[PDB]
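As provided, target_19.pdb (PDB, C-alpha atoms and all ligand atoms) reads as follows.
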MODEL        1
ATOM      1  CA  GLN A 127     101.381  96.384  80.176
ATOM      2  CA  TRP A 128      99.617  93.829  82.426
ATOM      3  CA  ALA A 129      95.983  93.210  83.437
ATOM      4  CA  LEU A 130      94.166  90.944  85.908
ATOM      5  CA  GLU A 131      93.794  88.622  82.895
ATOM      6  CA  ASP A 132      97.377  87.445  82.920
ATOM      7  CA  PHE A 133      97.014  85.990  86.422
ATOM      8  CA  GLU A 134      95.532  82.958  88.052
ATOM      9  CA  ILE A 135      94.484  83.613  91.651
ATOM     10  CA  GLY A 136      94.990  81.385  94.691
ATOM     11  CA  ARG A 137      94.268  82.038  98.358
ATOM     12  CA  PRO A 138      94.489  85.514  99.780
ATOM     13  CA  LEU A 139      97.822  85.439 101.624
ATOM     14  CA  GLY A 140      96.675  88.236 103.915
ATOM     15  CA  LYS A 141      93.829  90.744 104.097
ATOM     16  CA  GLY A 142      94.357  94.479 104.651
ATOM     17  CA  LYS A 143      91.973  97.450 105.166
ATOM     18  CA  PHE A 144      92.425  98.877 101.668
ATOM     19  CA  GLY A 145      92.721  95.407 100.117
ATOM     20  CA  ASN A 146      94.413  91.976 100.016
ATOM     21  CA  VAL A 147      97.396  90.065  98.696
ATOM     22  CA  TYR A 148      96.501  86.892  96.856
ATOM     23  CA  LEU A 149      98.782  84.130  95.756
ATOM     24  CA  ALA A 150      99.071  84.389  91.954
ATOM     25  CA  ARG A 151     100.914  83.361  88.784
ATOM     26  CA  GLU A 152     101.379  84.803  85.334
ATOM     27  CA  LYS A 153      99.380  82.529  83.031
ATOM     28  CA  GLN A 154     102.136  81.680  80.505
ATOM     29  CA  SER A 155     105.275  81.227  82.636
ATOM     30  CA  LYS A 156     103.131  79.827  85.471
ATOM     31  CA  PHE A 157     105.766  81.673  87.504
ATOM     32  CA  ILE A 158     104.403  82.539  90.905
ATOM     33  CA  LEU A 159     103.923  86.002  92.380
ATOM     34  CA  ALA A 160     101.821  87.893  94.897
ATOM     35  CA  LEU A 161      99.051  90.242  93.892
ATOM     36  CA  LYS A 162      98.348  93.141  96.203
ATOM     37  CA  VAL A 163      94.941  94.625  95.529
ATOM     38  CA  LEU A 164      93.751  98.122  96.478
ATOM     39  CA  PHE A 165      90.093  99.350  96.315
ATOM     40  CA  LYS A 166      91.046 102.944  95.412
ATOM     41  CA  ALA A 167      87.667 104.029  96.698
ATOM     42  CA  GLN A 168      88.970 103.052 100.083
ATOM     43  CA  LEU A 169      92.167 104.665  98.893
ATOM     44  CA  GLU A 170      91.651 108.315  98.015
ATOM     45  CA  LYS A 171      89.275 108.751 100.970
ATOM     46  CA  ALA A 172      92.503 108.412 103.004
ATOM     47  CA  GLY A 173      94.005 111.003 100.656
ATOM     48  CA  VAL A 174      96.470 108.573  99.136
ATOM     49  CA  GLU A 175      96.698 108.388  95.375
ATOM     50  CA  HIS A 176      99.384 110.788  94.113
ATOM     51  CA  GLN A 177     101.794 109.839  96.921
ATOM     52  CA  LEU A 178     101.112 106.172  96.307
ATOM     53  CA  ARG A 179     101.817 106.790  92.623
ATOM     54  CA  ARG A 180     105.397 107.830  93.417
ATOM     55  CA  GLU A 181     105.896 105.498  96.413
ATOM     56  CA  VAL A 182     105.437 102.642  93.979
ATOM     57  CA  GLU A 183     108.228 104.166  91.874
ATOM     58  CA  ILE A 184     110.639 103.855  94.743
ATOM     59  CA  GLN A 185     109.897 100.224  95.587
ATOM     60  CA  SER A 186     109.910  99.559  91.820
ATOM     61  CA  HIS A 187     113.506 100.671  91.276
ATOM     62  CA  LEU A 188     114.834  99.273  94.566
ATOM     63  CA  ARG A 189     116.637  95.916  94.193
ATOM     64  CA  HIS A 190     118.064  93.751  96.972
ATOM     65  CA  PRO A 191     117.991  90.170  98.394
ATOM     66  CA  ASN A 192     116.468  91.321 101.692
ATOM     67  CA  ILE A 193     113.859  93.587 100.103
ATOM     68  CA  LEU A 194     110.621  92.251  98.629
ATOM     69  CA  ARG A 195     110.683  93.386  94.996
ATOM     70  CA  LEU A 196     107.770  94.941  93.120
ATOM     71  CA  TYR A 197     107.835  93.524  89.607
ATOM     72  CA  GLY A 198     105.175  95.777  88.052
ATOM     73  CA  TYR A 199     101.853  97.538  88.596
ATOM     74  CA  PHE A 200      98.521  98.271  86.924
ATOM     75  CA  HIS A 201      95.068  99.592  87.751
ATOM     76  CA  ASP A 202      91.720  98.836  86.167
ATOM     77  CA  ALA A 203      88.793 101.047  87.161
ATOM     78  CA  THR A 204      87.929 100.115  90.686
ATOM     79  CA  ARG A 205      91.225  98.445  91.825
ATOM     80  CA  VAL A 206      94.993  99.080  91.905
ATOM     81  CA  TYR A 207      97.290  96.117  91.524
ATOM     82  CA  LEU A 208     100.835  95.602  92.721
ATOM     83  CA  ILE A 209     102.651  92.660  91.187
ATOM     84  CA  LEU A 210     104.874  91.423  93.966
ATOM     85  CA  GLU A 211     107.614  88.925  94.567
ATOM     86  CA  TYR A 212     106.212  85.942  96.443
ATOM     87  CA  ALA A 213     107.709  85.060  99.823
ATOM     88  CA  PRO A 214     106.946  81.382 100.530
ATOM     89  CA  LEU A 215     107.638  81.326 104.239
ATOM     90  CA  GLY A 216     105.437  84.305 105.016
ATOM     91  CA  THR A 217     105.872  86.541 108.042
ATOM     92  CA  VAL A 218     108.468  86.596 110.778
ATOM     93  CA  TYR A 219     105.528  87.506 112.995
ATOM     94  CA  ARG A 220     103.943  84.080 112.695
ATOM     95  CA  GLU A 221     107.318  82.415 113.106
ATOM     96  CA  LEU A 222     107.748  84.431 116.299
ATOM     97  CA  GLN A 223     104.316  83.225 117.393
ATOM     98  CA  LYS A 224     105.405  79.641 116.802
ATOM     99  CA  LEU A 225     108.885  79.618 118.365
ATOM    100  CA  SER A 226     107.834  82.040 121.136
ATOM    101  CA  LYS A 227     111.316  83.670 121.021
ATOM    102  CA  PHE A 228     114.267  83.462 118.700
ATOM    103  CA  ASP A 229     117.844  82.550 119.394
ATOM    104  CA  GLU A 230     120.968  84.612 118.939
ATOM    105  CA  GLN A 231     122.204  83.284 115.596
ATOM    106  CA  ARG A 232     118.749  83.824 114.086
ATOM    107  CA  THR A 233     118.317  87.306 115.487
ATOM    108  CA  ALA A 234     121.877  88.384 114.667
ATOM    109  CA  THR A 235     121.517  87.244 111.056
ATOM    110  CA  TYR A 236     118.036  88.660 110.565
ATOM    111  CA  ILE A 237     119.463  91.860 112.084
ATOM    112  CA  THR A 238     122.377  91.757 109.684
ATOM    113  CA  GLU A 239     119.898  91.220 106.870
ATOM    114  CA  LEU A 240     117.736  94.115 107.949
ATOM    115  CA  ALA A 241     120.714  96.437 108.289
ATOM    116  CA  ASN A 242     122.019  95.556 104.822
ATOM    117  CA  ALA A 243     118.657  96.504 103.335
ATOM    118  CA  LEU A 244     118.231  99.858 105.127
ATOM    119  CA  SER A 245     121.849 100.705 104.290
ATOM    120  CA  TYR A 246     121.072 100.105 100.647
ATOM    121  CA  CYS A 247     117.804 102.074 100.946
ATOM    122  CA  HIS A 248     119.552 104.921 102.691
ATOM    123  CA  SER A 249     121.900 105.132  99.736
ATOM    124  CA  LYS A 250     118.810 105.456  97.536
ATOM    125  CA  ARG A 251     117.541 108.230  99.797
ATOM    126  CA  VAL A 252     114.882 106.048 101.433
ATOM    127  CA  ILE A 253     113.993 105.980 105.164
ATOM    128  CA  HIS A 254     111.065 105.747 107.577
ATOM    129  CA  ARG A 255     110.739 102.129 106.538
ATOM    130  CA  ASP A 256     108.175 100.504 108.736
ATOM    131  CA  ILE A 257     109.551  97.122 109.693
ATOM    132  CA  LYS A 258     107.707  95.365 112.469
ATOM    133  CA  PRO A 259     107.442  91.549 112.409
ATOM    134  CA  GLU A 260     104.198  91.456 110.371
ATOM    135  CA  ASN A 261     105.856  93.495 107.607
ATOM    136  CA  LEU A 262     108.757  91.148 107.340
ATOM    137  CA  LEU A 263     108.588  88.114 105.133
ATOM    138  CA  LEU A 264     110.666  84.952 104.766
ATOM    139  CA  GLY A 265     111.943  84.271 101.286
ATOM    140  CA  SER A 266     113.063  81.137  99.440
ATOM    141  CA  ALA A 267     115.157  79.254 101.980
ATOM    142  CA  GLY A 268     115.898  81.398 105.014
ATOM    143  CA  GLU A 269     115.982  85.069 104.101
ATOM    144  CA  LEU A 270     114.404  88.211 105.298
ATOM    145  CA  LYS A 271     112.447  90.539 103.100
ATOM    146  CA  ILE A 272     111.235  94.041 103.841
ATOM    147  CA  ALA A 273     107.721  94.209 102.548
ATOM    148  CA  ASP A 274     106.767  97.625 103.910
ATOM    149  CA  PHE A 275     105.246  99.743 101.173
ATOM    150  CA  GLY A 276     101.625  98.609 100.752
ATOM    151  CA  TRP A 277      99.340  99.331 103.684
ATOM    152  CA  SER A 278      99.982  96.459 106.047
ATOM    153  CA  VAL A 279      98.111  93.200 105.464
ATOM    154  CA  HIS A 280      97.224  90.357 107.888
ATOM    155  CA  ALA A 281      96.805  86.536 107.685
ATOM    156  CA  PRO A 282      94.431  85.261 110.362
ATOM    157  CA  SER A 283      96.211  84.586 113.700
ATOM    158  CA  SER A 284      96.278  85.922 117.300
ATOM    159  CA  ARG A 285      93.410  88.333 118.112
ATOM    160  CA  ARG A 286      95.266  89.815 121.045
ATOM    161  CA  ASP A 287      97.086  92.721 119.534
ATOM    162  CA  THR A 288      94.986  93.906 116.587
ATOM    163  CA  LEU A 289      96.063  97.500 116.618
ATOM    164  CA  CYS A 290      97.827  98.419 119.823
ATOM    165  CA  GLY A 291     100.865  96.863 118.132
ATOM    166  CA  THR A 292     101.470 100.270 116.489
ATOM    167  CA  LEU A 293     103.332 102.361 118.958
ATOM    168  CA  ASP A 294     105.928  99.913 120.095
ATOM    169  CA  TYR A 295     108.035 100.355 116.938
ATOM    170  CA  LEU A 296     107.768 104.161 116.843
ATOM    171  CA  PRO A 297     110.765 106.195 118.087
ATOM    172  CA  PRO A 298     110.174 109.080 120.539
ATOM    173  CA  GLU A 299     110.724 111.688 117.765
ATOM    174  CA  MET A 300     107.914 110.255 115.630
ATOM    175  CA  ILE A 301     105.344 109.759 118.385
ATOM    176  CA  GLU A 302     106.285 113.209 119.857
ATOM    177  CA  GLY A 303     105.241 114.781 116.603
ATOM    178  CA  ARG A 304     108.643 116.068 115.698
ATOM    179  CA  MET A 305     110.514 115.505 112.480
ATOM    180  CA  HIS A 306     112.663 112.492 111.675
ATOM    181  CA  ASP A 307     115.612 111.294 109.615
ATOM    182  CA  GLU A 308     117.612 108.212 108.636
ATOM    183  CA  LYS A 309     117.991 107.634 112.351
ATOM    184  CA  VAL A 310     114.387 106.426 112.983
ATOM    185  CA  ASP A 311     115.265 103.045 111.482
ATOM    186  CA  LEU A 312     118.030 102.498 113.976
ATOM    187  CA  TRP A 313     115.507 102.796 116.832
ATOM    188  CA  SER A 314     113.278 100.282 115.078
ATOM    189  CA  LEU A 315     116.202  97.920 114.687
ATOM    190  CA  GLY A 316     116.841  98.114 118.377
ATOM    191  CA  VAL A 317     113.211  97.279 118.948
ATOM    192  CA  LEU A 318     113.122  94.368 116.530
ATOM    193  CA  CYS A 319     116.196  92.899 118.147
ATOM    194  CA  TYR A 320     114.787  93.081 121.611
ATOM    195  CA  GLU A 321     111.524  91.505 120.477
ATOM    196  CA  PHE A 322     113.312  88.756 118.606
ATOM    197  CA  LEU A 323     115.099  87.753 121.798
ATOM    198  CA  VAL A 324     112.323  88.492 124.210
ATOM    199  CA  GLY A 325     109.165  87.485 122.345
ATOM    200  CA  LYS A 326     107.715  90.812 123.397
ATOM    201  CA  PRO A 327     108.699  94.350 122.394
ATOM    202  CA  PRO A 328     110.628  96.581 124.925
ATOM    203  CA  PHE A 329     107.762  99.023 125.474
ATOM    204  CA  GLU A 330     104.712  96.705 125.567
ATOM    205  CA  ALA A 331     101.947  97.890 127.985
ATOM    206  CA  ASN A 332      98.172  97.876 128.620
ATOM    207  CA  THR A 333      97.450 101.418 127.495
ATOM    208  CA  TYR A 334      98.837 103.586 124.735
ATOM    209  CA  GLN A 335      99.573 106.201 127.377
ATOM    210  CA  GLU A 336     101.813 103.937 129.391
ATOM    211  CA  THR A 337     103.296 102.574 126.203
ATOM    212  CA  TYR A 338     103.985 106.188 125.169
ATOM    213  CA  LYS A 339     105.520 106.956 128.559
ATOM    214  CA  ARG A 340     107.985 104.044 128.444
ATOM    215  CA  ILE A 341     108.894 104.849 124.832
ATOM    216  CA  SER A 342     109.686 108.553 125.244
ATOM    217  CA  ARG A 343     111.280 108.017 128.664
ATOM    218  CA  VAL A 344     113.263 105.057 127.276
ATOM    219  CA  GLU A 345     112.338 102.906 130.210
ATOM    220  CA  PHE A 346     112.971  99.283 129.238
ATOM    221  CA  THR A 347     114.521  96.286 130.973
ATOM    222  CA  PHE A 348     115.928  92.919 129.910
ATOM    223  CA  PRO A 349     114.866  89.625 131.498
ATOM    224  CA  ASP A 350     117.479  87.226 132.834
ATOM    225  CA  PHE A 351     118.725  85.476 129.733
ATOM    226  CA  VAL A 352     119.923  88.321 127.515
ATOM    227  CA  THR A 353     123.631  88.498 126.941
ATOM    228  CA  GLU A 354     125.681  91.607 127.651
ATOM    229  CA  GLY A 355     126.643  92.062 123.993
ATOM    230  CA  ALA A 356     122.966  91.733 123.099
ATOM    231  CA  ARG A 357     122.188  94.416 125.707
ATOM    232  CA  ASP A 358     125.049  96.501 124.440
ATOM    233  CA  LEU A 359     123.626  96.464 120.933
ATOM    234  CA  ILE A 360     119.978  97.327 121.636
ATOM    235  CA  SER A 361     121.126  99.796 124.262
ATOM    236  CA  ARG A 362     123.356 101.576 121.805
ATOM    237  CA  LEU A 363     120.321 101.385 119.444
ATOM    238  CA  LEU A 364     117.557 102.793 121.608
ATOM    239  CA  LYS A 365     118.774 106.202 122.618
ATOM    240  CA  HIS A 366     116.373 109.081 122.956
ATOM    241  CA  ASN A 367     118.853 111.295 121.075
ATOM    242  CA  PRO A 368     118.750 110.217 117.421
ATOM    243  CA  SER A 369     122.367 111.454 116.990
ATOM    244  CA  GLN A 370     123.581 109.052 119.727
ATOM    245  CA  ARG A 371     122.358 106.176 117.572
ATOM    246  CA  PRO A 372     124.794 104.502 115.137
ATOM    247  CA  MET A 373     124.831 104.391 111.415
ATOM    248  CA  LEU A 374     124.367 100.858 110.198
ATOM    249  CA  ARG A 375     128.105 100.383 109.826
ATOM    250  CA  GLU A 376     128.760  99.998 113.545
ATOM    251  CA  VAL A 377     125.638  97.860 113.740
ATOM    252  CA  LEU A 378     127.100  95.403 111.241
ATOM    253  CA  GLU A 379     130.478  95.821 113.019
ATOM    254  CA  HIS A 380     129.101  95.124 116.490
ATOM    255  CA  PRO A 381     131.003  92.443 118.467
ATOM    256  CA  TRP A 382     127.863  90.417 119.260
ATOM    257  CA  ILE A 383     126.394  90.326 115.774
ATOM    258  CA  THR A 384     129.631  89.125 114.180
ATOM    259  CA  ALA A 385     129.839  86.501 116.984
ATOM    260  CA  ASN A 386     126.354  84.918 116.435
ATOM    261  CA  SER A 387     125.636  85.916 112.826
ATOM    262  CA  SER A 388     125.484  83.314 110.060
ATOM    263  CA  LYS A 389     125.796  86.139 107.493
TER     264      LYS A 389
HETATM  265  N1  LIG B   1     104.027  92.342 104.246
HETATM  266  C1  LIG B   1     103.280  91.562 104.265
HETATM  267  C2  LIG B   1     102.231  90.476 104.326
HETATM  268  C3  LIG B   1     101.690  90.147 105.568
HETATM  269  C4  LIG B   1     100.718  89.156 105.645
HETATM  270  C5  LIG B   1     100.305  88.500 104.482
HETATM  271  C6  LIG B   1     100.849  88.829 103.246
HETATM  272  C7  LIG B   1     101.819  89.824 103.168
HETATM  273  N2  LIG B   1     102.382  90.167 101.886
HETATM  274  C8  LIG B   1     103.132  89.133 101.061
HETATM  275  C9  LIG B   1     103.624  89.447  99.782
HETATM  276  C10 LIG B   1     104.315  88.498  99.035
HETATM  277  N3  LIG B   1     104.493  87.271  99.561
HETATM  278  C11 LIG B   1     104.011  86.987 100.777
HETATM  279  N4  LIG B   1     104.239  85.666 101.292
HETATM  280  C12 LIG B   1     103.387  85.017 102.252
HETATM  281  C13 LIG B   1     103.470  83.632 102.360
HETATM  282  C14 LIG B   1     102.689  82.918 103.264
HETATM  283  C15 LIG B   1     101.822  83.612 104.082
HETATM  284  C16 LIG B   1     100.999  82.821 105.027
HETATM  285  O1  LIG B   1     101.222  81.539 105.089
HETATM  286  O2  LIG B   1     100.096  83.340 105.726
HETATM  287  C17 LIG B   1     101.727  85.006 103.983
HETATM  288  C18 LIG B   1     102.510  85.714 103.074
HETATM  289  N5  LIG B   1     103.352  87.885 101.518
ENDMDL
END

Would you mind writing the file's structure down as structure tokens?
Amino acid sequence: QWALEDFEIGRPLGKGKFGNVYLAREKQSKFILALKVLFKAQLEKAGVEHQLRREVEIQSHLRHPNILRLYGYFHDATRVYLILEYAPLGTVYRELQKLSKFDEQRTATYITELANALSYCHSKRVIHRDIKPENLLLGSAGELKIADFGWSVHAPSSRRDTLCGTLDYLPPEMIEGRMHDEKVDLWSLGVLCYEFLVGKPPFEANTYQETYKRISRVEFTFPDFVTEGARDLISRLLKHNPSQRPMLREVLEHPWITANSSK
């Protein structure tokens, strides 16, 4: 097995509520990874141990270029430790901060990337995946990596939206307190896309109530610059009726992705 003793520790990459990810490397190989740390005292008090202990064993087996891989795991006494793949470029969220908006080739490829991943996950009987910008990391050169899994961590920036960034990525069926299925993720996708192009999410608002309203009532508009095929895509994505949303196939088929996608 492994222990904290096989790792050198660099900066914390980000700091979560139940713990942090630090930059790390195995001591022999000097091969770099990321160490997610979890207080476990902070943990069970949220009721999560036994569900974490399986939910590691999904993200352990999962393997894919656009999914951040979990190499191994260990606990000690007071802390739980996820050995993670390191993503050099960090979070799409910061990138979005910097560029203020993305372009179409970016978006379309990221979107392709995302859709590949979920498709794969679906096949493994995995859903629900929470992918907002801050959960998405940028791998070696350009890629996109679904981090998800570990309770979301932050690297200092903004102050703005602290929480109040929550709701925007939730589909009407989740916030309404109904059930949900593979189709949640297609809503999310539609929301990512829009944000990518817009710089803000489709449902952004000053209160959770008004956010909630817009979400469930699917009231969202595009600014000038969006292109019809862009509209077509998100539109076909954000549909109150989960059934009226695609499977990922038609997403990856869609006329506008294939046009501007580098992938
Ligand atoms: N998800 C997520 C997440 C969000 C914020 C901070 C860390 C997270 N988890 C992981 C894990 C492995 N590599 C990385 N790569 C990374 C690289 C750079 C930064 C940064 O410059 O600030 C942050 C993260 N991040």

Residues of chain A that have any atom at most 10 Å from an atom of ligand LIG 1 (chain B): could you tabulate them with the shortest-distance atom pair and the distance in Å to one decimal, using all atoms listed in the file, ordered by chain and increasing number, as CSV?
residue,atom,partner,partner_atom,distance
A:137,CA,B:LIG1,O2,9.5
A:138,CA,B:LIG1,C6,8.0
A:139,CA,B:LIG1,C17,4.6
A:140,CA,B:LIG1,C5,3.7
A:141,CA,B:LIG1,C5,6.9
A:142,CA,B:LIG1,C4,8.4
A:146,CA,B:LIG1,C6,7.9
A:147,CA,B:LIG1,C6,5.8
A:148,CA,B:LIG1,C6,8.0
A:149,CA,B:LIG1,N3,7.5
A:150,CA,B:LIG1,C10,9.7
A:158,CA,B:LIG1,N3,9.9
A:159,CA,B:LIG1,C10,7.1
A:160,CA,B:LIG1,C10,4.9
A:161,CA,B:LIG1,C9,7.5
A:162,CA,B:LIG1,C9,7.4
A:194,CA,B:LIG1,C10,7.3
A:195,CA,B:LIG1,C10,9.0
A:196,CA,B:LIG1,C10,9.4
A:208,CA,B:LIG1,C9,9.8
A:209,CA,B:LIG1,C10,9.0
A:210,CA,B:LIG1,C10,5.9
A:211,CA,B:LIG1,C10,5.6
A:212,CA,B:LIG1,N3,3.8
A:213,CA,B:LIG1,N4,3.8
A:214,CA,B:LIG1,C13,4.5
A:215,CA,B:LIG1,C13,5.1
A:216,CA,B:LIG1,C13,3.4
A:217,CA,B:LIG1,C17,6.0
A:218,CA,B:LIG1,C3,9.3
A:219,CA,B:LIG1,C3,8.8
A:220,CA,B:LIG1,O2,8.0
A:257,CA,B:LIG1,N1,9.1
A:258,CA,B:LIG1,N1,9.5
A:259,CA,B:LIG1,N1,8.9
A:260,CA,B:LIG1,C3,5.6
A:261,CA,B:LIG1,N1,4.0
A:262,CA,B:LIG1,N1,5.8
A:263,CA,B:LIG1,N1,6.3
A:264,CA,B:LIG1,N4,7.3
A:265,CA,B:LIG1,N4,7.8
A:271,CA,B:LIG1,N1,8.7
A:272,CA,B:LIG1,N1,7.4
A:273,CA,B:LIG1,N1,4.5
A:274,CA,B:LIG1,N1,6.0
A:275,CA,B:LIG1,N1,8.1
A:276,CA,B:LIG1,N1,7.6
A:277,CA,B:LIG1,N1,8.4
A:278,CA,B:LIG1,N1,6.0
A:279,CA,B:LIG1,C3,4.7
A:280,CA,B:LIG1,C4,4.3
A:281,CA,B:LIG1,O2,5.0
A:282,CA,B:LIG1,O2,7.6
A:283,CA,B:LIG1,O2,9.0

Keeping C-alpha atoms, export the residues of the selection given above as a PDB file, in the frame of the given file.
ATOM      1  CA  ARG A 137      94.268  82.038  98.358  1.00  0.00           C
ATOM      2  CA  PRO A 138      94.489  85.514  99.780  1.00  0.00           C
ATOM      3  CA  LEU A 139      97.822  85.439 101.624  1.00  0.00           C
ATOM      4  CA  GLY A 140      96.675  88.236 103.915  1.00  0.00           C
ATOM      5  CA  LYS A 141      93.829  90.744 104.097  1.00  0.00           C
ATOM      6  CA  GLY A 142      94.357  94.479 104.651  1.00  0.00           C
ATOM      7  CA  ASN A 146      94.413  91.976 100.016  1.00  0.00           C
ATOM      8  CA  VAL A 147      97.396  90.065  98.696  1.00  0.00           C
ATOM      9  CA  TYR A 148      96.501  86.892  96.856  1.00  0.00           C
ATOM     10  CA  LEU A 149      98.782  84.130  95.756  1.00  0.00           C
ATOM     11  CA  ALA A 150      99.071  84.389  91.954  1.00  0.00           C
ATOM     12  CA  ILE A 158     104.403  82.539  90.905  1.00  0.00           C
ATOM     13  CA  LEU A 159     103.923  86.002  92.380  1.00  0.00           C
ATOM     14  CA  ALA A 160     101.821  87.893  94.897  1.00  0.00           C
ATOM     15  CA  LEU A 161      99.051  90.242  93.892  1.00  0.00           C
ATOM     16  CA  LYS A 162      98.348  93.141  96.203  1.00  0.00           C
ATOM     17  CA  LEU A 194     110.621  92.251  98.629  1.00  0.00           C
ATOM     18  CA  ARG A 195     110.683  93.386  94.996  1.00  0.00           C
ATOM     19  CA  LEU A 196     107.770  94.941  93.120  1.00  0.00           C
ATOM     20  CA  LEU A 208     100.835  95.602  92.721  1.00  0.00           C
ATOM     21  CA  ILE A 209     102.651  92.660  91.187  1.00  0.00           C
ATOM     22  CA  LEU A 210     104.874  91.423  93.966  1.00  0.00           C
ATOM     23  CA  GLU A 211     107.614  88.925  94.567  1.00  0.00           C
ATOM     24  CA  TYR A 212     106.212  85.942  96.443  1.00  0.00           C
ATOM     25  CA  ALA A 213     107.709  85.060  99.823  1.00  0.00           C
ATOM     26  CA  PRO A 214     106.946  81.382 100.530  1.00  0.00           C
ATOM     27  CA  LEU A 215     107.638  81.326 104.239  1.00  0.00           C
ATOM     28  CA  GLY A 216     105.437  84.305 105.016  1.00  0.00           C
ATOM     29  CA  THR A 217     105.872  86.541 108.042  1.00  0.00           C
ATOM     30  CA  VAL A 218     108.468  86.596 110.778  1.00  0.00           C
ATOM     31  CA  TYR A 219     105.528  87.506 112.995  1.00  0.00           C
ATOM     32  CA  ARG A 220     103.943  84.080 112.695  1.00  0.00           C
ATOM     33  CA  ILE A 257     109.551  97.122 109.693  1.00  0.00           C
ATOM     34  CA  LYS A 258     107.707  95.365 112.469  1.00  0.00           C
ATOM     35  CA  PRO A 259     107.442  91.549 112.409  1.00  0.00           C
ATOM     36  CA  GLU A 260     104.198  91.456 110.371  1.00  0.00           C
ATOM     37  CA  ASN A 261     105.856  93.495 107.607  1.00  0.00           C
ATOM     38  CA  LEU A 262     108.757  91.148 107.340  1.00  0.00           C
ATOM     39  CA  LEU A 263     108.588  88.114 105.133  1.00  0.00           C
ATOM     40  CA  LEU A 264     110.666  84.952 104.766  1.00  0.00           C
ATOM     41  CA  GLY A 265     111.943  84.271 101.286  1.00  0.00           C
ATOM     42  CA  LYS A 271     112.447  90.539 103.100  1.00  0.00           C
ATOM     43  CA  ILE A 272     111.235  94.041 103.841  1.00  0.00           C
ATOM     44  CA  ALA A 273     107.721  94.209 102.548  1.00  0.00           C
ATOM     45  CA  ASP A 274     106.767  97.625 103.910  1.00  0.00           C
ATOM     46  CA  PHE A 275     105.246  99.743 101.173  1.00  0.00           C
ATOM     47  CA  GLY A 276     101.625  98.609 100.752  1.00  0.00           C
ATOM     48  CA  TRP A 277      99.340  99.331 103.684  1.00  0.00           C
ATOM     49  CA  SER A 278      99.982  96.459 106.047  1.00  0.00           C
ATOM     50  CA  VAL A 279      98.111  93.200 105.464  1.00  0.00           C
ATOM     51  CA  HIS A 280      97.224  90.357 107.888  1.00  0.00           C
ATOM     52  CA  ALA A 281      96.805  86.536 107.685  1.00  0.00           C
ATOM     53  CA  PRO A 282      94.431  85.261 110.362  1.00  0.00           C
ATOM     54  CA  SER A 283      96.211  84.586 113.700  1.00  0.00           C
TER      55      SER A 283
END

Suppose you want the space between CA of residue 237 in chain A and CA of residue 295 in chain A; what is it in Å?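 Taking CA of residue 237 in chain A as the start and CA of residue 295 in chain A as the end point, the length is 15.0 Å.
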
Expected selection from the PyMOL selection byres (((chain A and resi 203) around 12) and not hetatm), given as an NGL selection string: :A and (129-130 or 164-167 or 200-202 or 204-207)

Mind pulling up the distance from CA of residue 365 in chain A to CA of residue 336 in chain A?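 Going from CA of residue 336 in chain A over to CA of residue 365 in chain A covers 18.4 Å.
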
Range 162-226 of chain A residues near range 308-322 of chain A within 12 Å, closest pair each, using only C-alpha atoms, as CSV:
residue,atom,partner,partner_atom,distance
A:218,CA,A:322,CA,9.5
A:219,CA,A:322,CA,9.7
A:221,CA,A:322,CA,10.3
A:222,CA,A:322,CA,7.4
A:223,CA,A:322,CA,10.6
A:225,CA,A:322,CA,10.2
A:226,CA,A:322,CA,9.0

Keeping only C-alpha atoms, write the selected residues as a PDB file, keeping the file's coordinate frame.
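Wrote it out as result_34.pdb, contents follow:
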ATOM      1  CA  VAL A 218     108.468  86.596 110.778  1.00  0.00           C
ATOM      2  CA  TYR A 219     105.528  87.506 112.995  1.00  0.00           C
ATOM      3  CA  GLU A 221     107.318  82.415 113.106  1.00  0.00           C
ATOM      4  CA  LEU A 222     107.748  84.431 116.299  1.00  0.00           C
ATOM      5  CA  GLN A 223     104.316  83.225 117.393  1.00  0.00           C
ATOM      6  CA  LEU A 225     108.885  79.618 118.365  1.00  0.00           C
ATOM      7  CA  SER A 226     107.834  82.040 121.136  1.00  0.00           C
TER       8      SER A 226
END
